[PDB]
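Shown below, as structure tokens, is a lone chain in the form deposited in one PDB entry; questions about how it binds or moves come after it.
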């Protein structure tokens, strides 16, 4: 009902899945409903990059031109002359949500089809990568290309960052980058208490899709993995970040 109320207040559809890794208790609301994953996929893509290369291999430098730049290249647009290492691209993709960075990394791992294959290999039969940035954000209701579910995103995030899909030292890199994101101040971050560390990755897509996935660490004990996804039924609808922040407070209370 608290979730239903937010859906009424915000004129949107919410998809939530939260797992308290410490007790295995869960919070769910339309947990298996499909939504455009938008930039949240950047976290899963780095997870795959990491599995594929040693930490030392991340120092390989990638060269590119203005033709590789897309609609949003905050970091990437500043380094055309020299290129950037995979480590720098990973940083730009995750903390700045750099679109070109995502496309360059994607090309390194073999494209959306290879990403798909690697996720399947990890146990994710739901997430469906198909396109590059920025076209992946254009998803119509009913379509399954470039979509996932709250349940699948948390399972997959959890696998890479907390479990055995990656060795400790690589998990540490992913977590550090996510903990240091610069785009999620108004989402999950705003619905958690002070002193609670958060690692997140945001996204926005057509139909007012507004998403945030994260791991939350209370001062004491096991982390909480959470996905908050949302959409509206107008193609050019606008989103309201406050929805995410409020849904998060409901989750914390439901688990706390």
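Residue numbers count along the first chain shown, from 1.
There is another form of this protein, the form deposited with a small molecule bound, and it is not shown here; the text below is about that form.
- In summary, the region of this chain contacting the small molecule in the bound PDB entry, judged by heavy atoms within 4.5 Å and restricted to 122 to 130, 164 to 172, 80 to 88, 97 to 105, corresponds to 97 to 105.
- Taking the partner from elsewhere, residue 39 is found to have a heavy atom lying within 4.5 Å of the small molecule in the bound PDB entry.
- Within 4.5 Å of any heavy atom of the small molecule in the bound PDB entry lies no heavy atom of residue 223.
- Within this chain, residue 140 is remote from the site of the small molecule in the bound PDB entry, having no heavy atom within 4.5 Å.
- In the bound PDB entry, the small molecule sits within 4.5 Å of a heavy atom of residue 205.
- When contacts are defined as a non-hydrogen atom within 4.5 Å, all of 135, 210 and 239 contact the small molecule in the bound PDB entry.
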